[PDB]
file my_file.csv (CSV, C-alpha atoms and all ligand atoms)
chain,number,residue,atom,x,y,z
A,1,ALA,CA,162.7,141.5,324.0
A,2,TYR,CA,162.1,140.7,327.7
A,3,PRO,CA,164.4,143.0,329.7
A,4,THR,CA,167.2,141.2,331.6
A,5,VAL,CA,168.9,141.7,334.9
A,6,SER,CA,172.0,143.3,333.3
A,7,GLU,CA,169.7,145.9,331.5
A,8,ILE,CA,168.0,147.4,334.5
A,9,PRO,CA,169.8,149.6,337.0
A,10,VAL,CA,168.7,149.2,340.6
A,11,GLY,CA,166.1,151.9,341.0
A,12,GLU,CA,164.5,151.8,337.5
A,13,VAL,CA,161.5,149.7,336.5
A,14,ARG,CA,160.6,148.3,333.1
A,15,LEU,CA,157.1,147.4,331.9
A,16,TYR,CA,156.7,144.6,329.4
A,17,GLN,CA,153.3,144.4,327.6
A,18,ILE,CA,152.3,140.8,327.3
A,19,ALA,CA,148.8,141.3,325.8
A,20,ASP,CA,146.0,143.8,325.7
A,21,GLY,CA,145.8,145.2,329.3
A,22,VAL,CA,148.4,142.8,330.7
A,23,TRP,CA,151.9,143.9,331.6
A,24,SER,CA,154.7,142.5,333.7
A,25,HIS,CA,156.8,144.9,335.7
A,26,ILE,CA,160.6,144.2,336.0
A,27,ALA,CA,162.9,145.8,338.5
A,28,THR,CA,166.2,144.8,340.1
A,29,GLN,CA,167.5,144.8,343.7
A,30,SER,CA,170.7,143.9,345.5
A,31,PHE,CA,170.6,141.0,348.0
A,32,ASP,CA,173.4,139.2,349.9
A,33,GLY,CA,176.0,140.4,347.4
A,34,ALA,CA,174.3,140.0,344.1
A,35,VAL,CA,171.8,141.9,341.9
A,36,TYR,CA,168.5,140.0,341.1
A,37,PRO,CA,165.7,140.9,338.6
A,38,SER,CA,162.2,140.5,339.9
A,39,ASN,CA,158.8,140.3,338.1
A,40,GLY,CA,155.2,141.2,339.0
A,41,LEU,CA,152.1,141.9,337.0
A,42,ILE,CA,149.8,144.8,336.1
A,43,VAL,CA,146.3,143.9,334.8
A,44,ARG,CA,143.8,146.4,333.5
A,45,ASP,CA,140.2,146.1,334.8
A,46,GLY,CA,138.3,148.7,332.9
A,47,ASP,CA,139.5,152.1,334.1
A,48,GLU,CA,141.6,150.8,337.0
A,49,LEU,CA,144.7,148.6,337.5
A,50,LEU,CA,145.3,145.6,339.7
A,51,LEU,CA,148.9,145.3,340.8
A,52,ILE,CA,150.5,141.9,341.5
A,53,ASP,CA,153.5,142.3,343.9
A,54,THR,CA,155.6,145.3,344.7
A,55,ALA,CA,158.7,146.2,342.8
A,56,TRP,CA,160.9,145.1,345.8
A,57,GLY,CA,161.5,148.1,348.1
A,58,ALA,CA,160.1,151.5,348.6
A,59,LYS,CA,162.3,153.2,346.0
A,60,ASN,CA,161.5,150.8,343.2
A,61,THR,CA,157.8,150.7,344.0
A,62,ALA,CA,157.7,154.5,343.7
A,63,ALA,CA,159.5,154.2,340.4
A,64,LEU,CA,156.9,151.6,339.5
A,65,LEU,CA,154.0,153.9,340.1
A,66,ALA,CA,155.8,156.6,338.2
A,67,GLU,CA,156.3,154.4,335.2
A,68,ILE,CA,152.6,153.4,335.2
A,69,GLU,CA,151.5,157.0,335.1
A,70,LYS,CA,153.8,157.8,332.2
A,71,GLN,CA,153.2,154.6,330.2
A,72,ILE,CA,149.7,153.6,331.1
A,73,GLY,CA,148.0,156.5,332.7
A,74,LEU,CA,145.4,154.5,334.8
A,75,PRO,CA,145.4,154.4,338.6
A,76,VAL,CA,146.5,151.4,340.6
A,77,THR,CA,143.6,150.8,343.0
A,78,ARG,CA,144.4,147.4,344.4
A,79,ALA,CA,147.5,145.3,345.0
A,80,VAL,CA,148.0,141.7,345.9
A,81,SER,CA,151.2,140.3,347.4
A,82,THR,CA,151.8,136.7,346.6
A,83,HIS,CA,153.9,135.9,349.7
A,84,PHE,CA,155.5,137.5,352.8
A,85,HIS,CA,159.1,138.1,351.7
A,86,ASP,CA,160.4,141.6,350.9
A,87,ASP,CA,160.4,141.3,347.1
A,88,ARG,CA,156.6,140.8,347.4
A,89,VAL,CA,155.6,143.1,350.3
A,90,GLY,CA,158.5,145.5,350.3
A,91,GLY,CA,156.9,148.8,349.1
A,92,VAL,CA,153.4,148.1,350.4
A,93,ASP,CA,153.8,151.2,352.5
A,94,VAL,CA,154.5,153.3,349.3
A,95,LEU,CA,151.4,151.7,347.7
A,96,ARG,CA,149.2,152.4,350.8
A,97,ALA,CA,150.4,156.0,350.9
A,98,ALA,CA,149.5,156.5,347.2
A,99,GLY,CA,146.0,155.3,347.9
A,100,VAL,CA,146.3,151.6,346.8
A,101,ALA,CA,144.3,149.1,348.8
A,102,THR,CA,146.8,146.3,349.5
A,103,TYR,CA,145.8,142.7,349.9
A,104,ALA,CA,147.3,139.3,350.9
A,105,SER,CA,146.1,136.1,352.5
A,106,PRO,CA,145.8,136.0,356.3
A,107,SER,CA,148.9,133.7,356.4
A,108,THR,CA,151.0,136.1,354.3
A,109,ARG,CA,150.0,139.1,356.5
A,110,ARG,CA,150.9,137.1,359.7
A,111,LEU,CA,154.2,135.8,358.3
A,112,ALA,CA,155.0,139.4,357.2
A,113,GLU,CA,154.3,140.8,360.7
A,114,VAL,CA,156.3,138.1,362.4
A,115,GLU,CA,159.3,138.7,360.1
A,116,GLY,CA,159.2,142.5,360.5
A,117,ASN,CA,158.1,143.2,356.8
A,118,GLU,CA,155.5,145.5,355.5
A,119,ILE,CA,152.0,144.2,356.0
A,120,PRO,CA,149.1,144.5,353.4
A,121,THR,CA,146.0,146.0,354.9
A,122,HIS,CA,143.3,143.6,353.6
A,123,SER,CA,142.9,139.9,354.0
A,124,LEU,CA,142.0,137.7,351.0
A,125,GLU,CA,139.3,135.1,351.7
A,126,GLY,CA,139.0,131.7,350.2
A,127,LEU,CA,142.7,130.6,349.9
A,128,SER,CA,143.4,128.7,353.0
A,129,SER,CA,143.7,125.2,351.5
A,130,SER,CA,145.8,123.7,348.7
A,131,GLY,CA,143.9,123.8,345.4
A,132,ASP,CA,141.8,126.7,346.5
A,133,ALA,CA,141.2,129.4,343.8
A,134,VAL,CA,139.2,132.6,343.8
A,135,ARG,CA,138.6,135.3,341.2
A,136,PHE,CA,139.8,138.7,342.1
A,137,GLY,CA,138.8,141.3,339.6
A,138,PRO,CA,140.5,140.4,336.3
A,139,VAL,CA,142.7,137.6,337.7
A,140,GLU,CA,142.4,134.2,339.4
A,141,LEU,CA,144.3,133.6,342.6
A,142,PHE,CA,145.4,130.1,343.3
A,143,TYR,CA,147.0,128.5,346.4
A,144,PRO,CA,148.9,125.5,345.1
A,145,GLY,CA,150.3,124.4,348.5
A,146,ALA,CA,153.5,125.0,350.2
A,147,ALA,CA,156.5,125.5,347.9
A,148,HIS,CA,158.9,128.4,347.9
A,149,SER,CA,157.0,129.4,351.1
A,150,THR,CA,154.1,128.0,352.9
A,151,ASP,CA,151.9,131.0,351.9
A,152,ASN,CA,152.8,131.5,348.2
A,153,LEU,CA,150.1,132.3,345.8
A,154,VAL,CA,150.1,132.0,342.0
A,155,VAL,CA,148.1,134.2,339.7
A,156,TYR,CA,146.4,133.5,336.4
A,157,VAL,CA,145.2,136.1,333.9
A,158,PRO,CA,142.4,134.5,331.9
A,159,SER,CA,142.2,137.1,329.1
A,160,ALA,CA,145.8,136.4,328.1
A,161,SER,CA,146.4,132.8,329.4
A,162,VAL,CA,149.2,134.3,331.5
A,163,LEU,CA,150.4,132.3,334.6
A,164,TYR,CA,152.4,134.2,337.1
A,165,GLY,CA,154.3,131.7,339.4
A,166,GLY,CA,156.0,134.1,341.8
A,167,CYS,CA,159.0,132.8,343.6
A,168,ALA,CA,157.7,129.2,343.4
A,169,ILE,CA,158.6,129.0,339.7
A,170,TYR,CA,162.2,129.4,338.6
A,171,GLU,CA,163.5,130.7,335.3
A,172,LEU,CA,165.4,128.3,333.0
A,173,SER,CA,168.7,130.0,333.6
A,174,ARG,CA,168.3,129.2,337.4
A,175,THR,CA,169.9,125.8,338.0
A,176,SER,CA,170.3,125.9,341.8
A,177,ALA,CA,167.9,126.3,344.6
A,178,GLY,CA,167.3,130.0,345.5
A,179,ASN,CA,167.4,130.1,349.3
A,180,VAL,CA,164.9,127.6,350.7
A,181,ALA,CA,165.0,128.6,354.4
A,182,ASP,CA,161.2,129.1,354.3
A,183,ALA,CA,160.5,126.5,351.6
A,184,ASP,CA,158.8,123.1,352.0
A,185,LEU,CA,161.0,121.0,349.7
A,186,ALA,CA,159.0,117.8,350.1
A,187,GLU,CA,155.8,119.5,349.1
A,188,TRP,CA,157.1,121.9,346.3
A,189,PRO,CA,157.0,119.3,343.4
A,190,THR,CA,153.4,118.3,344.4
A,191,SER,CA,152.4,122.0,344.6
A,192,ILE,CA,153.8,122.4,341.1
A,193,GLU,CA,151.8,119.5,339.9
A,194,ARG,CA,148.6,121.2,341.2
A,195,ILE,CA,149.5,124.3,339.2
A,196,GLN,CA,150.0,122.2,336.0
A,197,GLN,CA,146.7,120.3,336.6
A,198,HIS,CA,144.8,123.6,337.1
A,199,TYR,CA,146.3,125.8,334.2
A,200,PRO,CA,147.3,123.2,331.5
A,201,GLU,CA,146.4,125.8,328.8
A,202,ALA,CA,148.8,128.5,330.1
A,203,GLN,CA,150.6,130.2,327.2
A,204,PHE,CA,153.0,132.6,329.0
A,205,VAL,CA,154.5,131.6,332.4
A,206,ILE,CA,156.3,134.2,334.4
A,207,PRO,CA,158.8,133.1,337.2
A,208,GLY,CA,159.3,135.3,340.3
A,209,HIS,CA,162.8,136.2,339.0
A,210,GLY,CA,163.9,136.2,335.4
A,211,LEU,CA,162.8,135.3,331.9
A,212,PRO,CA,159.3,134.1,331.1
A,213,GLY,CA,158.7,130.8,329.3
A,214,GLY,CA,156.1,128.2,328.9
A,215,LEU,CA,154.9,125.4,331.2
A,216,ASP,CA,158.4,124.0,330.8
A,217,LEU,CA,159.4,126.3,333.6
A,218,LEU,CA,157.2,124.1,335.9
A,219,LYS,CA,159.2,121.0,335.0
A,220,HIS,CA,162.5,122.8,335.3
A,221,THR,CA,161.6,124.1,338.7
A,222,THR,CA,160.7,120.6,339.9
A,223,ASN,CA,164.1,119.3,338.5
A,224,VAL,CA,166.0,122.1,340.4
A,225,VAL,CA,164.0,121.4,343.6
A,226,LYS,CA,164.5,117.6,343.5
A,227,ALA,CA,168.2,118.0,342.6
A,228,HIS,CA,168.7,120.1,345.7
A,229,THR,CA,166.9,117.6,347.9
A,230,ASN,CA,168.8,114.5,346.8
A,231,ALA,CA,172.2,116.2,347.5
A,301,LIG,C1,167.2,133.5,345.3
A,301,LIG,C2,165.8,134.1,345.2
A,301,LIG,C3,165.9,135.4,346.1
A,301,LIG,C4,164.5,136.2,346.2
A,301,LIG,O1,163.5,135.6,346.6
A,301,LIG,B1,162.8,135.6,347.9
A,301,LIG,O2,163.1,134.3,348.7
A,301,LIG,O3,161.2,136.0,347.8
A,301,LIG,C5,163.6,136.8,348.7
A,301,LIG,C6,163.8,137.6,349.9
A,301,LIG,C7,164.7,138.5,350.0
A,301,LIG,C8,165.5,138.8,349.2
A,301,LIG,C9,165.6,138.2,348.0
A,301,LIG,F1,166.6,138.5,347.1
A,301,LIG,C10,164.8,137.1,347.5
A,301,LIG,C11,164.8,133.1,345.6
A,301,LIG,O4,164.1,132.4,344.8
A,301,LIG,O5,164.5,133.0,346.9
A,302,ZN,ZN,160.3,134.5,348.8
A,303,ZN,ZN,161.7,136.1,345.3

call {"tool": "encode", "arguments": {"input": "my_file.csv", "output": "C-alpha cells", "more": "lines below"}}
Ligand SMILES: C=C(C[C@H]1O[B-](O)(O)c2cccc(F)c21)C(=O)O
Ligand SMILES: [Zn+2]
Ligand SMILES: [Zn+2]
result
Amino acid sequence: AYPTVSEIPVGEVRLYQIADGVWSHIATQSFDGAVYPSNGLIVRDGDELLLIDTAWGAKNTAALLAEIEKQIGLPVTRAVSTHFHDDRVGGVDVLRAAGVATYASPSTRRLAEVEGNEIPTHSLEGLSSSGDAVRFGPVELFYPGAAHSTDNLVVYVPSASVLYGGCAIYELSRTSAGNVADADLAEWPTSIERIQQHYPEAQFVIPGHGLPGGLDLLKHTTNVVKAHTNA
C-alpha cells in the first residue's frame, strides 16, 4: 500500500492517509545519479493544514500543494522544515509565495542561509537543546540531538501515534549510510535513544526516505550508523 520509489515519477506527489487528518506526502527526486523517494507529513488542525517538510524542490512542492487542493481541499497555512538540506527546505519559496508561513529552528535557518538553500521565514522557539520538545499546533516537535545533521528535528503526531523521523531515521531497505558529511556519527545513536525514550508508544514510524515501519526503524538506523563508523 505505501507508494515506493519505482512508482512515483519525478514531478508527481502521492499522499498516503495514515489516520484521520494525518497524511504523509511522497515525492521523488534525482540526486548524484540516482532517484530517491522522500517523505513528509500533512496534519489537519481544524480547518487548516500544517505541513512538515517540502516535497524536495520547487516543482514537486507546487505539485504537492496541487494534490492537497484536489484530495483534501484545506489550505496549508504553516510549514515546518526539519533540517536545512534541500529535501526539507527546497520549495520553501513556493510555499511562501502561496501564502504559507514557513518555520524552522534558528539553527536550521542559519545553516540554510550559509549553504545557499531556501530559508524559512519564522524561527521556532524552545528547541535549542537536546531533549527539548514543544507543541506546535497538532504536532510535537522534538530536538533529539545531533544525528543526520546537527539541527535535525523529529515530529510526533499525538492523535495518531505517528513518529516522523526525517533524515535521522533510515528505512529497513537502507543498509548503508546515506551521505554523512553533515552528520555527527558519534552522537547519532545517543540521539536515537532519546527518541525511543520519548516516544516509546509510537505506532507508525516514518523515515526521511522510504517505507514506514515501527520503532524497529530506530534500531536499524543505529545498526547502519554504527556499522559505518567501525569500518
Ligand atoms: C542519502 C540520503 C540523501 C538525502 O538526504 B539529505 O542528506 O537530507 C539530502 C540533500 C540533498 C540531496 C539529497 F538527495 C538528500 C540521506 O540520508 O542523506
Ligand atoms: Zn539531510
Ligand atoms: Zn534526506

call {"tool": "residues_near_ligand", "arguments": {"input": "my_file.csv", "ligand": "ligand ZN 303 (chain A)", "cutoff": "12 Å", "atoms": "all atoms listed in the file", "output": "PyMOL selection string"}}
result
chain A and resi 27-31+36-40+53-56+81-90+148-149+152+165-171+177-180+182-183+207-210

call {"tool": "atom_distance", "arguments": {"input": "my_file.csv", "atom1": "atom CA of residue 101 of chain A", "atom2": "atom CA of residue 10 of chain A"}}
result
25.7 Å

call {"tool": "atom_distance", "arguments": {"input": "my_file.csv", "atom1": "atom CA of residue 161 of chain A", "atom2": "atom CA of residue 6 of chain A"}}
result
27.9 Å

call {"tool": "atom_distance", "arguments": {"input": "my_file.csv", "atom1": "atom CA of residue 224 of chain A", "atom2": "atom CA of residue 162 of chain A"}}
result
22.6 Å

call {"tool": "residues_around", "arguments": {"input": "my_file.csv", "residues": "residue 204 of chain A", "least_positions_apart": "3", "cutoff": "12 Å", "atoms": "all atoms listed in the file", "output": "compact mmCIF listing (two decimals) with C-alpha atoms, in the coordinates of the input"}}
result
# COMPACT_ATOMS: atom_id res chain seq x y z
CA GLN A 17 153.30 144.40 327.60
CA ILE A 18 152.30 140.80 327.30
CA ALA A 19 148.80 141.30 325.80
CA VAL A 22 148.40 142.80 330.70
CA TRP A 23 151.90 143.90 331.60
CA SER A 24 154.70 142.50 333.70
CA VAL A 155 148.10 134.20 339.70
CA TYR A 156 146.40 133.50 336.40
CA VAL A 157 145.20 136.10 333.90
CA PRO A 158 142.40 134.50 331.90
CA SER A 159 142.20 137.10 329.10
CA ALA A 160 145.80 136.40 328.10
CA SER A 161 146.40 132.80 329.40
CA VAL A 162 149.20 134.30 331.50
CA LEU A 163 150.40 132.30 334.60
CA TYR A 164 152.40 134.20 337.10
CA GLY A 165 154.30 131.70 339.40
CA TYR A 199 146.30 125.80 334.20
CA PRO A 200 147.30 123.20 331.50
CA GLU A 201 146.40 125.80 328.80
CA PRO A 207 158.80 133.10 337.20
CA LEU A 211 162.80 135.30 331.90
CA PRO A 212 159.30 134.10 331.10
CA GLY A 213 158.70 130.80 329.30
CA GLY A 214 156.10 128.20 328.90
CA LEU A 215 154.90 125.40 331.20
CA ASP A 216 158.40 124.00 330.80
CA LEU A 217 159.40 126.30 333.60
CA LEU A 218 157.20 124.10 335.90

call {"tool": "closest_residue", "arguments": {"input": "my_file.csv", "among": "A:41, A:64, A:58, A:74", "to": "residue 154 of chain A", "atoms": "all atoms listed in the file"}}
result
A:41

call {"tool": "closest_residue", "arguments": {"input": "my_file.csv", "among": "A:59, A:104, A:8, A:49", "to": "residue 77 of chain A", "atoms": "only C-alpha atoms"}}
result
A:49

call {"tool": "closest_residue", "arguments": {"input": "my_file.csv", "among": "A:108, A:124, A:140, A:206", "to": "ligand ZN 302 (chain A)", "atoms": "only C-alpha atoms and all ligand atoms"}}
result
A:108

call {"tool": "closest_residue", "arguments": {"input": "my_file.csv", "among": "A:52, A:141, A:134, A:112", "to": "ligand ZN 302 (chain A)", "atoms": "all atoms listed in the file"}}
result
A:112

call {"tool": "build_atoms", "arguments": {"input": "my_file.csv", "residues": "segment 203-215 of chain A", "atoms": "N, CA, C and O atoms", "output": "CSV table (one decimal), keeping the file's coordinate frame"}}
result
chain,number,residue,atom,x,y,z
A,203,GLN,N,149.7,129.9,328.3
A,203,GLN,CA,150.6,130.2,327.2
A,203,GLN,C,151.9,130.9,327.6
A,203,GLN,O,152.9,130.6,327.0
A,204,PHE,N,151.8,131.7,328.6
A,204,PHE,CA,153.0,132.6,329.0
A,204,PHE,C,153.1,132.4,330.5
A,204,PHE,O,152.2,132.7,331.3
A,205,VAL,N,154.3,131.8,331.0
A,205,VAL,CA,154.5,131.6,332.4
A,205,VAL,C,155.7,132.5,332.8
A,205,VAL,O,156.8,132.5,332.2
A,206,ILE,N,155.4,133.2,333.9
A,206,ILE,CA,156.3,134.2,334.4
A,206,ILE,C,156.9,133.7,335.8
A,206,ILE,O,156.1,133.5,336.7
A,207,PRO,N,158.2,133.5,335.9
A,207,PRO,CA,158.8,133.1,337.2
A,207,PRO,C,158.9,134.4,338.1
A,207,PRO,O,158.8,135.5,337.6
A,208,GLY,N,159.1,134.2,339.3
A,208,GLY,CA,159.3,135.3,340.3
A,208,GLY,C,160.5,136.2,339.9
A,208,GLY,O,160.5,137.4,340.2
A,209,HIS,N,161.5,135.6,339.3
A,209,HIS,CA,162.8,136.2,339.0
A,209,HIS,C,163.2,135.7,337.6
A,209,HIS,O,163.4,134.5,337.5
A,210,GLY,N,163.3,136.6,336.6
A,210,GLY,CA,163.9,136.2,335.4
A,210,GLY,C,162.9,136.0,334.3
A,210,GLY,O,161.8,136.6,334.2
A,211,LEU,N,163.4,135.2,333.2
A,211,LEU,CA,162.8,135.3,331.9
A,211,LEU,C,161.5,134.5,331.9
A,211,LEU,O,161.5,133.3,332.4
A,212,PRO,N,160.4,134.9,331.2
A,212,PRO,CA,159.3,134.1,331.1
A,212,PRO,C,159.5,132.9,330.2
A,212,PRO,O,160.4,133.0,329.3
A,213,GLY,N,158.7,131.9,330.3
A,213,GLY,CA,158.7,130.8,329.3
A,213,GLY,C,157.3,130.2,329.1
A,213,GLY,O,156.3,131.0,329.0
A,214,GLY,N,157.3,128.9,328.9
A,214,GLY,CA,156.1,128.2,328.9
A,214,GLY,C,155.9,127.3,330.2
A,214,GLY,O,156.5,127.6,331.2
A,215,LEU,N,155.1,126.3,330.1
A,215,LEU,CA,154.9,125.4,331.2
A,215,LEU,C,156.1,124.6,331.4
A,215,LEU,O,156.2,123.9,332.4
